[PDB]
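Step one of this worksheet: look at the structure below.
Number of protein chains: 2
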Amino acid sequence: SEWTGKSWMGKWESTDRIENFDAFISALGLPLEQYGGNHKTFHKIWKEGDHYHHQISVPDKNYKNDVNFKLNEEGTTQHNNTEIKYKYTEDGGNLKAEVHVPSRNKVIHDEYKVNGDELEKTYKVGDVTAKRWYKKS
Amino acid sequence: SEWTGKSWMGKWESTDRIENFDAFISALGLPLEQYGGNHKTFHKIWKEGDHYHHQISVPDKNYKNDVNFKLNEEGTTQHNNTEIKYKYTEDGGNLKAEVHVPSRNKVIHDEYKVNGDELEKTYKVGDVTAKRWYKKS
Ligand SMILES: CCCCCCC(=O)O
Ligand SMILES: [Cl-]
Ligand SMILES: [Cl-]
Ligand SMILES: [Mg+2]
Ligand SMILES: [Mg+2]
Ligand SMILES: [Zn+2]
Ligand SMILES: [Zn+2]
Ligand SMILES: [Zn+2]
Ligand SMILES: [Zn+2]
Ligand SMILES: [Zn+2]
Ligand SMILES: [Zn+2]
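Protein chains in written order, with this note's numbering: chain A, 101 to 237; chain B, 101 to 237.
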């Protein structure tokens with residue numbers, strides 16, 4: 101395990117700064133009660149040998165997802181029983197995630213932009229764009 | 101027929117300016133001697149009432165493909181005898197196409213960004229990015 105090496109590695113927690121996130125959740129066809137709002141969300145990203153770990157948690161919703169990824173290599177995970185295909189890449193020095201949910205014909209473009217101890221995440225699906233800001237912790 | 105109303109609408113013609121294009125074609129698994137280089141290429145994009153036409157032509161290669169699209173709506177076109185899926189969206193003032201090649205398990209990003217007078221097309225598949233510049237015909 102390594103916790104340094106890239107600006108986007110570390111332990112990030114959401115702030116009150118959020119833009120259009122319910123519209124993004126709705127564009128995913130998900131119920132706003134369970135998936136929307138601005139509940140405390142954590143992103144932890146670190147390195148393990150030749151690959152990376154990305155753990156997303158929302159403790160309010162008792163929700164946790166641990167993602168293994170190698171840069172530029174397709175991976176597969178699940179949310180309940182829906183398969184999610186993803187590929188993380190570095191582009192312009194930002195971390196990007198290409199996230200496909202083929203059984204729901206949904207493509208999500210995630211982008212992580214670091215500015216000091218702040219992380220700005222952009223979420224895009226179809227023509228809907230949302231942003232959330234995170235701080236180091 | 102309407103030829104104005106979006107910066108990317110018009111008749112565009114390739115220039116000598118091109119960047120990393122053969123690496124993009126290679127990452128797609130296509131022969132360079134037939135699909136690489138910088139052969140004269142035209143993109144014509146215009147509106148027809150309730151949809152757009154996007155015509156791509158490479159006269160040296162006897163290639164002419166008439167794509168019809170509605171923004172935010174998935175369409176299909178043929179390759180060999182297999183289906184290619186696309187969906188065009190606006191990213192503010194620019195045009196983006198999300199392309200699935202299911203036979204080959206590839207996802208291609210196209211972007212059309214107008215700066216002049218001049219159109220910059222970006223092609224991206226995984227971590228490989230290429231660019232080509234077009235001038236108004
Ligand atoms: C697979 C993409 C090859 C198309 C080449 C012509 C173009 O620049 O759009
Ligand atoms: Cl998909
Ligand atoms: Cl897919
Ligand atoms: Mg988040
Ligand atoms: Mg072109
Ligand atoms: Zn370890
Ligand atoms: Zn809530
Ligand atoms: Zn691991
Ligand atoms: Zn997909
Ligand atoms: Zn460049
Ligand atoms: Zn994509």
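Virtual Cβ for every residue (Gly too), placed ideally from N, Cα, C.
- Sorting A:226, A:116, A:211 by C-alpha distance to the C-alpha of residue 204 of chain A places A:226 at the top.
- Near ligand 5, meaning a beta-carbon closer than 6 angstroms to one of its heavy atoms, we find B:141, B:143, B:221, B:232.
- Taken in chain order, the members of the stretch 185-196 of chain A whose beta-carbon sits within less than 9 angstroms of a beta-carbon on chain B are 187, 189, 190, 191.
- Taking the Cα positions, residue 193 of chain B is about 34 angstroms away from residue 182 of chain A.
- Judged by beta-carbon spacing, residue 147 of chain B lies beyond the 9 angstroms limit of residue 216 of chain B, meaning their Cβ atoms are not closer than that value.
- Boundaries cannot be given for residue 227 of chain A, as no alpha helix (DSSP H) includes it and DSSP labels it neither H nor E.
- The beta carbon of residue 129 of chain A lies closer than 7 angstroms to those of 204 in the same chain, with the five residues before and after it left out.
- Within the model, the alpha-carbon separation for residue 123 of chain A versus residue 142 of chain A is close to 21 angstroms.
- Burial state of residue 101 of chain A is exposed, judged by a 10 Å Cβ sphere holding fewer than 16 other Cβ atoms.
- The residue among A:220, A:133, A:222 with its C-alpha nearest the C-alpha of residue 161 of chain A is A:133.
- Sequence-distant partners of residue 171 of chain A (beyond 5 residues in either direction) whose C-beta falls short of 8 angstroms from its own C-beta, in its chain, are 152, 188, 189, 190.
- For residue 157 of chain B, no alpha helix (DSSP H) segment is defined; the enclosing uninterrupted segment is the beta strand (DSSP E) at 152-158.
- The alpha-carbon separation between residue 169 of chain A and residue 180 of chain B amounts to approximately 33 angstroms.
- With a threshold of 8 angstroms, the Cβ atom of residue 119 of chain B counts as near ligand 10, since some heavy atom of the ligand is closer than that.
- The Cβ of residue 154 of chain A sits no closer than 9 angstroms to any Cβ of chain B.
- Cβ contact annotation for residue 212 of chain B (same chain, cutoff 7 angstroms, sequence separation greater than five): 108, 194, 195, 219, 221, in chain order.
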